Structures are given as C-alpha cells and as structure tokens.
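The next block holds one structure in the form of structure tokens; read it before the comments.
Nothing in this text is a laboratory measurement; each read-out follows from the coordinates by a stated rule. Ideal geometry is used to build each Cβ from the backbone, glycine not excepted, and the neighbour counts take in all protein chains shown.
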RNA sequence: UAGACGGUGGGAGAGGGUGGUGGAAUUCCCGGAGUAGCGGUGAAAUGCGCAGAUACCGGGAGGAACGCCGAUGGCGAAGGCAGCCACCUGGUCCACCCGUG
RNA sequence: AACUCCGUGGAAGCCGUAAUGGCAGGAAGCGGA
RNA sequence: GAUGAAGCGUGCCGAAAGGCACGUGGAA
C-alpha cells in the first residue's frame with residue numbers, strides 16, 4: 001500500500017532490451033522530438049542540469065510525454081563487470097511491453 | 001604521493017600528505033551532473049572536466065563534514 | 001483441463017518470471033542493494049559479513065553451473081568476476 | 001527428492017548504519033527571594049561561602065547518559081546491542097509444500 | 001598544422017596518445033567554418 | 001647524466017577486495 005512497489009520499471013525496460021521501436025541517447029532523442037516521431041521520453045533521476053531542461057523544452061514543443069524515471073545497466077551483470085548507462089530513452093518503439101500506458 | 005619527499009620530514013608528516021592528497025586526487029562525483037569528473041583547480045576550488053561546473057568546496061576535498069550538515073539543517 | 005499449448009500461450013505473454021538458476025540473479029539483486037546499503041553505513045560490519053557470504057554463494061552457484069554444463073559456466077564465471 | 005537452496009504468505013527482535021528529536025538529572029551562567037553556614041567522615045580536616053555559598057523559585061547554555069517498562073526477557077558469528085522518530089540495511093523463525101534437483 | 005566549432009554519420013567497445021585520455025550529454029569516418 | 005614517487009596501461013590471479021609482474025610516466 002504494497003510490498004516493494006519498487007522497480008517494476010527495471011524489469012519493464014528489461015524486456016525492451018530483447019523485445020525492440022525505440023532509441024537511446026540524448027541527441028537521437030532530441031532528434032526524435034524535433035522530428036516528432038518519439039512517443040514518450042524517459043529521463044534518469046540524476047541526469048545533468050540544463051541537459052535535462054533541453055529534453056524538457058523540445059518535449060514540450062513536440063508535445064511528447066515525459067516519464068521521469070532514469071537509466072543504467074542491467075546493474076547486476078555489468079556491476080560485477082558491467083553497465084552502459086542511459087540518461088534518456090525514446091519510445092518510438094515499445095513492443096510486447098506497456099510502459100507507455102498509464103505510467104509516467 | 002609522499003614519495004617525492006625522499007627520506008625527509010618523518011612518518012606523520014608524509015603519511016598525512018599522502019592520505020590527504022590521495023583523497024584529494026580521487027575521482028569526485030560532480031554535483032550538477034552525476035559524473036565522476038571533478039578535479040581540484042586550486043585548493044577549495046573544484047571543477048568538472050565534463051560539463052565545466054566550477055564549485056566551492058573544501059581545501060583538499062570537494063565536500064567537508066560541515067558542508068554536509070548544511071544540506072540537512 | 002488446461003493443456004500445454006494454452007499454458008505456453010500464457011508463458012509467452014509474461015516472459016515467465018515465476019521462478020528458479022533465477023537463484024543467481026535473485027542474489028545479484030540482493031548483493032546490489034546490499035552493496036549500495038554498505039556504500040553508506042560503512043560501519044556495519046556485521047551485515048557486511050553477510051555480503052561476503054552472499055558473494056561467495058553466488059560464485060559457488062556459478063561454478064556449479066559452469067561445471068555441470070560447459071555453456072552456462074562460461075557466462076557465470078565472467079559475470080561473477082570470479083576466477084582470474 | 002528425504003540434504004541444501006529458492007518461491008508465496010505470516011512473525012518477533014536493545015541486529016547494524018545515517019539523520020533527527022524528548023524528558024529527567026549534574027555543572028555553569030542570568031534573575032529573583034534568602035542568611036551563615038554548606039560539604040564531608042569512624043571522627044575529622046582540606047575545601048567552598050558575607051565579592052552572599054548551602055537550601056528555594058524562574059530563565060538560559062552545554063556535554064553525557066537514557067529512569068519506569070526491564071524479565072528469571074530479546075537480538076547478533078563473536079566482540080557486543082536497550083528514550084522516541086524516520087530512512088537505509090543484515091540475520092532468523094513459522095505455514096503452504098509450490099520451484100531447482 | 002594544432003586548437004575550437006558546424007553538418008553528416010550512429011559506435012552499447014570502439015577511437016586516440018609519448019603520456020593523460022574521448023564518447024548516445026553521441027566515438028571513428030566524410031564533409032565544412 | 002643517474003635514480004625513478006603518484007597516476008595510467010597490459011597480462012595474470014580473486015566472488016570481491018584487491019594482489020603480482022611487466023611497461024608507461026616522470027616526482028624530488
């Protein structure tokens with residue numbers, strides 16, 4: 001009121017990694033926004049200052065929904081010897097998932 | 001580290017110079033972005049080589065035990 | 001009753017998180033959150049001992065798997081940063 | 001699958017770490033009222049007190065510990081751990097017998 | 001030439017140095033100021 | 001001209017911690 005929720009995020013994007021359209025990275029996202037192709041924009045919590053405000057304006061100008069997370073690695077594996085990190089992701093693609101629906 | 005001092009100055013003096021300077025030279029996590037790219041620019045002056053953010057911090061550490069108490073209070 | 005075809009239907013949708021080597025991954029999740037806990041709280045020696053033993057057990061499972069297969073102990077030895 | 005591990009669901013606890021915070025008491029300082037002693041011992045003395053102590057009321061500052069509950073109790077691998085609050089976190093028991101084998 | 005920068009391009013391990021280093025907040029390459 | 005500190009790299013080892021070797025780097 002629940003037991004850990006917690007991180008149904010983590011497993012949610014976990015699938016995307018194998019399922020598929022979508023794009024990662026700042027530039028490509030800013031591009032997706034301007035092109036108006038993006039559907040949703042997920043931003044990592046820490047994410048740099050004014051580096052986030054950018055994605056914010058163009059998300060506004062492009063009328064793109066912004067779901068504040070973010071980003072990282074399959075933490076457990078790359079932790080050990082493993083992440084790459086991601087400060088933002090752009091749903092031009094979710095497939096067998098549903099993070100798009102009622103969640104940001 | 002303290003190796004530049006040769007056999008001079010004694011244990012405590014150079015053990016502390018190494019201790020202070022090792023911490024000093026450690027990777028530091030920038031306050032603005034979150035990247036570990038903060039380097040001392042002058043004692044108490046810190047800067048991130050990634051985004052350029054120039055901060056006021058401790059003399060040999062970006063954060064002091066007292067500067068942390070501030071954030072709370 | 002409920003036949004294997006219609007069962008795997010359900011499995012594929014939700015791909016299946018219901019249980020199991022799971023064991024390794026679950027403990028990675030334990031380890032990760034414990035490590036983060038102990039990133040602060042540097043003085044908690046007692047639960048740190050529990051970390052040491054988590055990491056140990058993880059390795060033994062990995063080594064187990066690697067052995068009792070030549071395919072899974074590949075990944076396992078590497079993801080544990082174990083061996084040399 | 002009879003050991004071990006995992007899952008779902010119940011549980012107790014001074015287990016650990018960080019921040020906060022409550023009241024009692026001691027000391028000091030301030031104000032008030034108030035005199036000739038207070039303290040201490042087997043007896044004493046040193047000591048403190050008329051620049052006013054002790055006893056009494058009010059205000060403040062600071063540090064340390066956490067009465068009752070408290071146990072013949074609980075937790076932890078040991079060392080050890082007890083005001084309350086939140087966050088972070090370890091261990092552990094039970095039921096179902098569901099998963100690995 | 002170096003440095004800085006623009007476009008393109010789209011690297012999730014690759015580019016680079018005597019050495020440090022650089023990158024999806026986009027690397028190399030190509031084309032420019 | 002000599003010696004060759006921190007830092008960094010590569011290799012190997014370890015679950016991690018880190019450790020070892022070699023190189024690089026050049027401090028005083």
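Some notes on this structure:
- Filtering region C:33-60 to residues that are surrounded by 16 or more Cβ atoms within 10 Å (Cβ to Cβ) and under 24 Å from residue A:18 (Cβ atoms) leaves only C:58.
Yes/no matrix, rows are residues, columns are (1) in contact with a helix residue (DSSP H, G or I) (Cβ under 7 Å, 6 or more places away or on another chain); (2) within 12 Å of RNA strand D (Cβ to nearest atom); (3) within 14 Å of another protein chain (Cβ to nearest Cβ); (4) at negative phi:
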site: C:3; (1), (2), (3), (4): no, no, no, yes
site: C:15; (1), (2), (3), (4): no, no, yes, yes
site: C:24; (1), (2), (3), (4): yes, yes, yes, yes
site: C:34; (1), (2), (3), (4): yes, yes, yes, yes
site: C:48; (1), (2), (3), (4): no, yes, no, yes
site: C:60; (1), (2), (3), (4): no, yes, no, yes
site: C:63; (1), (2), (3), (4): yes, no, no, yes
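- Filter pass, residue C:71 being away from RNA strand E (no atom under 16 Å from the Cβ), more than 13 Å from chain A (Cβ to nearest Cβ) and either within 19 Å of residue A:74 (Cα to Cα) or in contact with a helix residue (DSSP H, G or I) (Cβ under 7 Å, 6 or more places away or on another chain) (or both): no
- Selection status of residue A:102, farther than 30 Å from residue C:75 by Cα and either surrounded by 14 or more Cβ atoms within 10 Å (Cβ to Cβ) or more than 16 Å from RNA strand D (Cβ to nearest atom) (or both): yes
- Test: residue in region A:91-99 that is under 19 Å from residue C:14 (Cα atoms) and either loosely packed, with under 12 Cβ neighbours inside 10 Å or near RNA strand E (Cβ under 9 Å from one of its atoms) (or both): yes
For (1) under 30 Å from residue A:88 (Cβ atoms); (2) within 16 Å of RNA strand D (Cβ to nearest atom); (3) surrounded by 15 or more Cβ atoms within 10 Å (Cβ to Cβ); (4) more than 14 Å from chain A (Cβ to nearest Cβ), each residue gets a yes or a no:
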position	(1), (2), (3), (4)
B:19	no, no, no, yes
B:30	yes, no, yes, no
B:36	yes, no, no, no
B:40	no, no, yes, yes
B:43	no, no, no, yes
B:57	yes, no, yes, yes
B:66	no, yes, no, yes
B:73	no, yes, no, yes
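- Taking the numbered list (1) within 16 Å of RNA strand E (Cβ to nearest atom); (2) loosely packed, with under 13 Cβ neighbours inside 10 Å in turn, residue C:79 passes all entries but (2).
- Strands (runs of 3 or more DSSP E) lying entirely in region A:20-104 (those with 3 or more residues that are on the phi > 0 side of the Ramachandran plot): none
- Taking the numbered list (1) crowded, with 16+ Cβ neighbours inside 10 Å; (2) closer than 13 Å to residue A:99 by Cα in turn, residue A:12 passes all entries but (1).
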